[PDB]
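Engineer: Protein chains in written order, with PDB author numbering: chain A, 6 to 129; chain A', 6 to 129; chain D, 1 to 4; chain D', 1 to 4. A prime marks a further copy of an entry chain.
From the three backbone atoms N, C-alpha and C, an ideal C-beta is built for every residue, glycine too.
Mind having a look at this structure? Questions to follow.
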Ligand SMILES: O=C1Cc2cc(Nc3nc(Cl)ncc3F)ccc2N1
Ligand SMILES: O=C1Cc2cc(Nc3nc(Cl)ncc3F)ccc2N1
Ligand SMILES: [Cl-]
Ligand SMILES: [Cl-]
């Protein structure tokens, strides 16, 4: 087509979606990761994660307001990944990289799994 | 912080939100623009438009599944702006620029109003 | 704004 | 991935 494109649009949209999350506006699901609870927007979770895409396209699960993750999932790892979904920034540290990579494999977030594998390889 | 950032994340999120819209997945509102109907995600509309942000933060309107726009709004202008919200690309043409600018002023989409004003000024 |  |  002959469209023009606003370079910062996608980043500005994501910033506004994170402001809605901050302010608990139109959040429609609670993700439970053992004793912790995380409120989020189903559409953002589906857009970032192959696991959430499969969950919320299921004719029965699409209607659930609470999703319980596998008990082996680390809440801090999930929190770091949820923040990445809404900001593009990943708080990857020596002390959390194994939990973050395991969580990203479970959530099916291929680009995160890729950077974790590279950072681990560099330390070996 | 010491975060790393994935450059294409925001664009990839928006692409996936547009794929959900295409496929009518988790759309939660119908915007009516006279005889036409447009299905969308409230969160994407709020993230892009000052008018939708005000509508869906209202304690009564946040619960509506149908929103009727002012009868003066042009459906094609709205369609072009809805596509811009989900893609960052604006189909601005000599034949639609006046309707697009009027719609963007109503929806409170300042960057679109800005490029329309510039394109109009260049033709004068 | 750019030409994509 | 970059340093933001
Ligand atoms: O690593 C990843 C990230 C990821 C996100 C999605 N999300 C969606 N995919 C499509 Cl094709 N349309 C809409 C979506 F919300 C699916 C698979 C995967 N795998
Ligand atoms: O031209 C524009 C585009 C636009 C979008 C929004 N959206 C939100 N703003 C904030 Cl501060 N937090 C969350 C949001 F969804 C508000 C005003 C305006 N004016
Ligand atoms: Cl990813
Ligand atoms: Cl805008």
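Exposed or buried, which one is residue 40 of chain A' when buried takes at least 16 other CB atoms within 10 Å?
Structural biologist: Its Cβ having fewer than 16 others within 10 Å, residue 40 of chain A' is exposed.
Engineer: In terms of residues, what are the limits of the beta strand (DSSP E) holding residue 2 of chain D'?
Structural biologist: No beta strand (DSSP E) holds residue 2 of chain D'; DSSP gives it neither H nor E.
Engineer: Got a sec? Which residues, its chain only, sit under 7 Å from residue 113 of chain A' by beta carbon, not counting five neighbours each side?
Structural biologist: Cβ neighbours of residue 113 of chain A' beyond the five flanking positions: 54, 55 and 56.
Engineer: Could you tell me the boundaries of the alpha helix (DSSP H) in which residue 115 of chain A' lies?
Structural biologist: It spans 115-128 - the alpha helix (DSSP H) in which residue 115 of chain A' sits, taken as one unbroken run.
Engineer: In chain order, which alpha helix (DSSP H) runs of at least 4 residues are fully inside the stretch 84-111 of chain A'?
Structural biologist: Segments of the alpha helix (DSSP H) lying fully in the stretch 84-111 of chain A': there are none.
Engineer: Show which residues of chain A' have a CB atom less than 8 Å away from the CB atom of residue 96 of chain A.
Structural biologist: By Cβ distance, chain A' contributes 6, 7 and 8.
Engineer: Shortest alpha-carbon distance to residue 124 of chain A' belongs to which of A':64, A':107, A':98 and A':109?
Structural biologist: Of the listed residues, the one whose Cα sits closest to residue 124 of chain A' is A':98.
Engineer: Starting from residue 24 of chain A, trace the alpha helix (DSSP H) both ways and give me its first and last residue.
Structural biologist: It spans 14-27 - the alpha helix (DSSP H) in which residue 24 of chain A sits, taken as one unbroken run.
Engineer: Any beta carbon from chain A' within less than 8 Å of residue 105 of chain A's own beta carbon?
Structural biologist: No - not a single Cβ of chain A' is within 8 Å of the one on residue 105 of chain A.
Engineer: Step through the CB atoms of chain A and report whether any lies within less than 8 Å of the CB of residue 31 of chain A'.
Structural biologist: Closer than 8 Å: yes.
Engineer: In whole angstroms, give me the CA-to-CA distance for residue 45 of chain A and residue 47 of chain A'.
Structural biologist: C-alpha separation (whole angstroms): 14 Å.
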